């Protein structure tokens, strides 16, 4: 567990995207994880692994309504740091049926940070994104498809990040 992941789990989402200033929407609707955009700020990015493993439905109560109902899921919870400073917390939930073919590598990522630069083989698409907030902080959750196979990605932007 970790205090940033506990705050991530409390985000409250709105069905409709709020009319935020453009600079902030540009960051939140980005069509990729934040890895390369944070590197773009002139920073080295590293992952701190908070939890990785197969879990059952009882452990993903918030993501379950957006994904197929299956017996098991791959859960990945990390902290991403820019030059040693935490900038973001993220939680990814993958139905085990998405872990087939090339997508099985999502399982062995470890501390490599997620990003489109790594999945040049599959067709990547997003069929849903919502923005959320909890006490001054922004976050978002999306349903991405690799080769048509779904996964849920939730990100929380910590106050030290460039969105604030």
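Residue numbers count along the first chain shown, from 1.
Mean C-alpha B-factor comparison - 112 to 120 and 37 to 45, higher one: Comparing 37 to 45 with 112 to 120, the higher average CA B-factor belongs to 112 to 120.
Given 2 to 10 and 153 to 161, the range whose Cα B-factors average higher in the PDB entry: Mean B over CA atoms: larger for 2 to 10.
Residue with maximal Cα B-factor (values as given in the PDB entry) among 30, 96, 50, 66: Answer, based on the entry's C-alpha B-factors: 66.
B-factor third for the C-alpha atom of residue 15 within its chain: Highest third.
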